[PDB]
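>
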Amino acid sequence: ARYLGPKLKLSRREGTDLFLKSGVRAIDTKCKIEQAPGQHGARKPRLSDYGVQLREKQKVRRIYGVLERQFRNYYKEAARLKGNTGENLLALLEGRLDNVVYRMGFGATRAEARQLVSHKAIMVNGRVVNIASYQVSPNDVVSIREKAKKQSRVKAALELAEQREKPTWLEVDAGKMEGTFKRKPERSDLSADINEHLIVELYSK
Amino acid sequence: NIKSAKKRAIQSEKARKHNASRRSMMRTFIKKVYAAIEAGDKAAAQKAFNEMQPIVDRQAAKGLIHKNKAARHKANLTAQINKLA
Amino acid sequence: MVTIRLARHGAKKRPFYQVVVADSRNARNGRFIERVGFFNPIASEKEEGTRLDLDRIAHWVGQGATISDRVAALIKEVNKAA
Amino acid sequence: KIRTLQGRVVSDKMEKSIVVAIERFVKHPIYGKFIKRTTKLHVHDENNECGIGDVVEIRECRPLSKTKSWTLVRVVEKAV
Amino acid sequence: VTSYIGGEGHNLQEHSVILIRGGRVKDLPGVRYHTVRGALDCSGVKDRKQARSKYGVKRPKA
Amino acid sequence: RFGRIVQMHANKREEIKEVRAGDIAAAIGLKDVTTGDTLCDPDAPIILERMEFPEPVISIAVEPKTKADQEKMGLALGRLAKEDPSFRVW
RNA sequence: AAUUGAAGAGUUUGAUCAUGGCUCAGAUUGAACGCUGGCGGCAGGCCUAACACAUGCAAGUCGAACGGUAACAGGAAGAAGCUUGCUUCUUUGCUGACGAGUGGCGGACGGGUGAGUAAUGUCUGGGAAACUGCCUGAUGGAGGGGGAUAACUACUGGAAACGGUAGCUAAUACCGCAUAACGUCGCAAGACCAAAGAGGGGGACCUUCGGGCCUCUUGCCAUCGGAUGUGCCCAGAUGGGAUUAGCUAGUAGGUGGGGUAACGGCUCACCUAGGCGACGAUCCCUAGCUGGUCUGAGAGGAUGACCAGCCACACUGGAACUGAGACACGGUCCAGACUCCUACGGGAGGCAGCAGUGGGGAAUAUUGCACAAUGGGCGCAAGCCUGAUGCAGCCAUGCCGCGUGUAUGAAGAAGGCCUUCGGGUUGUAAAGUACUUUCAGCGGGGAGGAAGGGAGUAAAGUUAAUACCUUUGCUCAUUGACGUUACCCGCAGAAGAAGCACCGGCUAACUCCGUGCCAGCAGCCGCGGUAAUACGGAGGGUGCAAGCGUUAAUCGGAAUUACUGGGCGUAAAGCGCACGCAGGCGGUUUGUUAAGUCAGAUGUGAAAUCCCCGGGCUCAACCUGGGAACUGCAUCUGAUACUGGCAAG
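Residue numbers (the working numbering), protein chains in the order written: chain C, 1 to 205; chain F, 206 to 290; chain S, 291 to 372; chain A, 373 to 452; chain G, 453 to 514; chain E, 515 to 604.
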């Protein structure tokens with residue numbers, strides 16, 4: 001119920017890298033990406049409209065490992081609120097704890113990030129939280145437990161994520177891991193390779 | 206069953222034995238009044254009606270007969286005699 | 291004999307009550323005359339734990355109501371000067 | 373004022389009583405077309421006054437009979 | 453009524469308390485039900501490792 | 515558990531609320547108990563006194579009037595399987 | 001701020017366009033079944049036979065109503081061991097308490113089920129001819145006497161259940177009498193009706209040594225009102241069938257007597273000869289209704305489980321008693337069926353109350369724990385009882401959260417599956433390396449759910465009294481079923497924890513081998529006749545996930561019942577044609593009414609549920625604040641176009 005399988009095989013089924021196995025070897029090269037998801041993944045299909053909706057739905061799914069039952073809840077939540085459902089879906093999904101753990105750089109991969117979160121080593125706002133689907137509410141802060149701090153997983157996350165693009169709507173302390181999260185995640189502040197109308201069209205029926 | 210509030214059965218039997226006797230005491234006095242109305246002699250009808258009136262109002266205090274029923278039985282009698290004579 | 295008692299709502303081990311005016315014969319969570327206020331016994335630190343409708347409880351006094359045990363105690367807990 | 377109807381006298385082949393008919397132009401629930409929905413009421417009145425075919429103010433009262441529970445106020449529009 | 457016997461190699465006979473679930477067996481005229489294998493006296497299919505939720509074969513031991 | 519306790523005067527039921535040592539009583543309930551079972555007091559030292567299991571002898575067979583009673587045949591004889599030690603089913 | 005909301009695909013033909021059904025893609029479930037299965041939270045868990053039920057419990061309490069005390073513990077005059085006050089015991093209802101009974105109140109509430117019930121009911125909105133324990137306000141009284149009767153006694157009947165006979169004592173039990181009013185009756189004058197005493201403390205007078213006397217607490221009965229509940233009437237709404245056309249005879253209404261808490265054919269007497277019916281009477285079948293649940297863009301369609309209001313039933317059928325209220329679940333009586341005890345004479349009972357059983361069925365649980373909190377009954381209170389309720393157990397049935405590791409890692413391993421056999425794929429997936437270690441396993445800490453109540457004390461009331469009682473602060477010791485709780489802290493270790501379906505098109509995802517219209521697959525179209533991506537087995541790949549499919553079920557898609565929103569020349573469908581009553585609709589002008597209609601106001605539209613901005617459990621499901629909403633309905637006051645009624649042209 002997490003994913004628990006061979007990891008980059010999903011990235012070769014999606015062609016590009018979704019930064020799922022970043023780690024020490026920050027070059028992907030030992031993966032043979034794009035043209036080999038299986039014994040007959042060395043070709044190309046005509047790839048129907050249902051498929052291009054599903055494969056796009058699979059990519060936004062696989063970066064954060066959200067299962068379909070949990071994933072559909074967001075669509076029920078995004079369409080419930082105001083604004084655009086294309087914008088609301090990713091916005092409430094950015095508020096996931098492991099998403100803000102990754103965006104603040106406490107984790108180099110989401111599987112490495114969630115292992116910190118599920119083992120309750122993060123004191124967000126004054127209370128330690130072990131459930132990664134916790135909504136990190138606007139205008140808040142997030143701290144790390146000092147009595148389990150810096151055991152060579154945090155420092156490597158501090159090294160690599162400071163080479164990677166330095167995210168926007170939040171501030172990293174970078175000395176002793178005191179993350180602060182400030183504003184609403186905007187559509188322009190995204191990876192932008194993902195589409196949004198592919199998803200909300202699929203979830204109408 | 207053999208619940209110890211089954212005395213309410215025999216507490217009702219001595220109660221009904223008290224009632225039906227005194228309930229018939231009222232009704233028989235109404236019969237004496239009604240017999241006089243079939244008779245038509247006024248003083249016999251008046252005195253009987255003047256006799257059972259304390260009997261009717263008393264059982265209303267004991268609650269065996271409702272006040273308005275006791276008020277009805279006053280209004281029954283005096284209406285019958287007045288139209289007669 | 292209309293009384294002012296408590297009706298228990300909520301889940302297991304995390305109770306909640308809303309103090310209600312009801313006919314005393316009827317059930318606890320059932321048929322009631324009027325809800326007047328509520329009470330939380332595990333009221334985590336926010337100031338809202340009880341919002342008792344004091345004036346109708348004072349009005350039902352004149353109508354002959356019997357204020358129950360904890361309902362009277364909650365009025366002694368949430369005083370008539372605050 | 374008080375609740376009083378209009379009606380129309382229908383069955384006056386009996387004594388000190390009348391069955392009146394009151395018209396209700398209700399809207400149909402699903403089809404939206406107004407139907408002349410009739411309603412017949414056993415209505416009590418005083419001593420035998422009127423005949424058929426006359427609009428009659430009638431108000432609710434005590435259950436004077438098994439069915440008759442309304443009282444005729446007045447007779448309007450005497451005709452042939 | 454009638455019913456279809458899925459899989460192959462059934463140990464059915466003259467009298468057997470079995471269980472019946474509905475389903476059109478279109479190629480057979482006038483047969484509208486399926487005997488559910490994994491139930492009572494109609495036993496499981498002799499080894500079938502693929503799609504064993506239908507035909508009621510258990511998972512092989514390992 | 516211990517559901518109900520009965521002194522059992524020849525399959526007659528009178529209720530016992532407490533049992534002493536050396537008395538015979540029937541415990542009602544007791545889903546998984548067998549013959550000669552050493553019922554001891556838990557959260558305390560555990561004792562044992564059982565050593566015997568007698569012999570079976572003649573095995574015959576049966577078949578009911580129809581197959582619609584075969585589920586009861588395994589059940590009612592299974593109801594008899596719990597009772598007697600020297601009585602097996604094949 | 002509170003609806004930012006509506007998709008389609010396959011399938012007739014050689015091919016096409018339509019008409020047109022069948023099927024799938026979605027959601028949902030009180031679900032069962034197959035395979036698999038780690039934990040936690042909130043939920044739900046007999047839909048079928050209202051089938052028959054073993055056992056334990058599901059309703060008692062009151063000594064502040066009373067005679068008494070059978071038990072238990074006491075001060076107590078005393079008894080006897082004899083360690084002369086250490087104790088064995090005898091007195092004794094004189095104390096705190098208290099079975100058995102009389103009496104008071106409850107048991108008509110809660111809890112259950114949906115057979116009956118198509119309208120006696122229910123939802124909605126109104127009314128008049130009423131009654132209403134307990135709780136409450138006001139106005140007064142609360143005088144004086146009597147005869148029995150339980151209990152218990154002496155005898156006695158019986159196996160018990162339960163008695164029967166003769167004596168006997170009390171009562172806030174019962175029965176008169178006095179005396180009545182803003183009360184009942186009566187045009188009036190008048191006539192008539194009630195009540196009970198208990199508990200605490202005590203200055204002083206009086207003590208027949210009880211008490212009276214005073215104060216306080218409470219109860220009592222009468223009348224008019226409040227509140228709450230209840231009975232009742234009326235309008236509309238509330239299923240399918242016309243292969244169900246006439247129906248009804250206390251039936252439709254009057255009058256009078258009686259009945260009724262109150263209204264009435266309610267129930268009789270006599271009279272009148274009527275009442276209901278095409279806007280569907282009567283009859284047959286099925287069904288509890290509603291707030292709402294599910295789906296749907298909406299309108300509608302299906303449905304009425306859980307939670308809440310109402311109604312009906314309590315083994316079947318009938319009747320009445322008692323009482324404030326029942327024609328009564330755990331009451332009575334009788335008839336019937338079915339079981340149980342037995343001494344054979346005679347008695348006993350009703351799980352559609354919580355568990356639990358056999359049975360029926362695809363299908364559903366523990367004879368569990370505590371009266372700690374909320375609520376109820378009785379009581380001054382303390383307390384007692386409470387299968388209501390709060391909790392625990394079993395069951396992935398459902399919803400929600402979480403884990404079975406993370407990173408690194410190429411000889412691109414071995415092995416397997418392929419290869420035009422050069423390679424590729426599985427696959428950085430494993431090993432190995434370094435870390436993290438939640439939940440489970442284990443050892444220690446640790447909330448809150450608990451407000452109260454008990455004894456004492458001070459103060460204000462309070463009264464002739466600093467007493468009592470009442471209120472108020474105040475101190476001490478306490479009240480936790482669940483529960484080795486929620487939560488927290490540390491120990492050892494990657495270590496205890498991943499499946500099920502599909503892969504021809506629909507529809508995301510392919511090869512090889514076996515097999516040859518066989519074995520079988522399949523929701524639809526359709527595949528298999530020796531090169532099968534559809535059959536079965538591997539490998540590969542996709543989907544979903546502690547679940548996943550199969551079946552059943554409802555709506556959707558279905559604008560294939562079309563009100564919104566379909567058609568009728570040939571696709572299914574103009575009666576063969578015509579006259580015509582009910583009924584539907586109706587040219588034009590003025591005046592009038594306001595029924596329909598529309599605008600505003602008012603009452604209500606129970607709560608919850610649903611939706612929005614918030615709050616609390618670490619998140620979430622979930623519990624919860626206010627609001628919106630409940631689009632309705634009824635009443636009231638207006639507007640006079642349009643439709644209708646009326647009058648005239």
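Every residue, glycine too, gets a C-beta built ideally from N, C-alpha and C.
(1) Within 10 angstroms of its Cβ, does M104(C) collect 16 or more other Cβ (buried), or is it exposed?
(2) For the putative contact between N420(A) and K388(A), defined by C-beta atoms under 8 Å, what is the C-beta separation to the nearest angstrom?
(3) Buried or exposed for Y3(C), please, with buried defined as at least 16 other CB atoms from any protein chain shown within 10 angstroms of its CB.
(4) Express the C-alpha separation of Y134(C) and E337(S) in angstroms, rounding to a whole number.
(5) Cβ of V154(C) versus every heavy atom of the ligand PLP: is any distance shorter than 6 Å?
(6) What is the residue span of the alpha helix (DSSP H) that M123(C) lies within?
(7) Run through the DSSP bridge pairs and tell me what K399(A) is partnered with.
(8) Please classify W604(E): is it buried, with 16 or more other beta-carbons within 10 angstroms of its beta-carbon, or exposed?
(9) Would you kindly work out how many angstroms separate the C-alpha atoms of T16(C) and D499(G), rounded to a whole number?
(10) In three-state terms, what does DSSP make of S217(F)?
(11) Using a Cβ cut-off of 8 Å, pull out every chain E residue sitting near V469(G), in sequence order please.
(12) Would you identify the three-state DSSP class for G588(E), choosing helix, strand or coil?
(13) Alpha carbon to alpha carbon, how far is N369(S) from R360(S)?
(14) Using a Cβ-Cβ cutoff of less than 6 Å, which residues in the same chain neighbour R318(S) once the five nearest sequence positions on both sides are dropped?
(15) Under a three-way DSSP split, which group does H349(S) fall into?
(16) So what does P138(C) bridge to, in DSSP terms?
(17) Would you grab the beta carbon distance between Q258(F) and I286(F) for me? Rounded to a whole angstrom, and I think it's under 8 Å.
(18) Grab me the residues of residue 233(C)'s own chain with a C-beta within less than 7 Å of its C-beta, minus the 5 sequence neighbours each way, in chain order.
(19) Keeping to the same chain, check which residues put their C-beta closer than 8 Å to that of residue 470(E); ignore five residues upstream and five downstream.
(20) Could you check what DSSP says for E77(C) in three-state terms: helix, strand or coil?
(21) Going by the CB atoms, is the gap between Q308(S) and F328(S) shorter than 7 Å?
(22) Can you pull the DSSP bridge partners for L170(C)?
(23) With which residues is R298(S) paired in a DSSP beta bridge?
(24) Between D98(C) and the rest of its own chain, which residues show a CB-CB distance below 8 Å, the 5 nearest in sequence each way excluded?
(25) By how many angstroms is the C-alpha of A26(C) removed from the C-alpha of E159(C)?
(26) Between which residues of its own chain and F254(F) is the CB-CB distance below 6 Å, once the five residues before and five after are set aside?
(27) Could you check where the alpha helix (DSSP H) with residue 218(C) kicks off and where it finishes?
(28) Please report the straight-line C-alpha distance between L591(E) and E460(G), rounded to a whole angstrom.
(29) So, does the stretch 193 to 204 of chain C touch the stretch 45 to 58 of chain C, judging by three or more C-beta pairs under 8 Å?
(30) In terms of residues, what are the limits of the alpha helix (DSSP H) holding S118(C)?
(31) Could you please give me the residues that DSSP links to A541(E) through a beta bridge?
(32) Per DSSP, which residues does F329(S) bridge with? Please list them.
(33) Could you check whether the stretch 149 to 156 of chain C touches the stretch 84 to 99 of chain C, counting it as contact only if at least three pairs of C-beta atoms, one from each stretch, sit closer than 8 Å?
(34) Using the DSSP secondary-structure output, state which residues sit across from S383(A) in a beta bridge.
(35) Residues bridged to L413(A) by DSSP?
A quick look at the data gives this:
(1) The residue is buried, with at least 16 neighbouring Cβ atoms inside 10 Å.
(2) 7 Å
(3) Sixteen is the threshold: since fewer than 16 other Cβ atoms of the shown chains lie within 10 Å of the Cβ of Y3(C), the residue is exposed.
(4) Looking at the two C-alpha atoms, the distance is approximately 25 Å.
(5) The model depicted lacks the ligand PLP and carries no ligand whatsoever.
(6) From DSSP, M123(C) is part of no alpha helix (DSSP H) but of the beta strand (DSSP E) over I122 to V124.
(7) Looking at the DSSP output, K399(A) sits in a beta bridge with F406(A).
(8) exposed
(9) 42 Å
(10) Of the three classes helix, strand and coil, the one that applies to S217(F) here is helix, per DSSP.
(11) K581, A582, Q584 and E585
(12) Helix, per DSSP.
(13) Their backbone Cα atoms lie some 14 Å apart in a straight line.
(14) Excluding positions up to five away in sequence, the list reads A297.
(15) helix
(16) BP columns for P138(C) are empty, so no partner.
(17) About 13 Å separates the beta carbons of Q258(F) and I286(F), which is beyond the 8 Å limit, so they are not a contact pair.
(18) No statement about residue 233(C) is possible, as the shown extent of chain C runs from 1 to 205 and does not include it.
(19) Since the displayed chain E opens at 515 and closes at 604, residue 470(E) lies outside it and no answer follows.
(20) helix
(21) yes
(22) In the DSSP assignment, the residues bridged to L170(C) are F181(C).
(23) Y307(S)
(24) Setting aside the 5 residues that flank it on each side, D98(C) is surrounded in the same chain by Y64, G107, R110, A113, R114, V117 and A132, each with a C-beta closer than 8 Å to its C-beta; the list follows chain order.
(25) 12 Å
(26) Closer than 6 Å at Cβ, skipping near neighbours: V238 and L282.
(27) In this structure chain C extends from 1 to 205, so residue 218(C) is not present and cannot be described.
(28) 33 Å
(29) Result yes; three or more Cβ-Cβ pairs closer than 8 Å.
(30) That run of the alpha helix (DSSP H) goes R110 to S118.
(31) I519(E)
(32) Partner(s): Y307(S) and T340(S).
(33) no
(34) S383(A) is bridged by DSSP to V391(A).
(35) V392(A)
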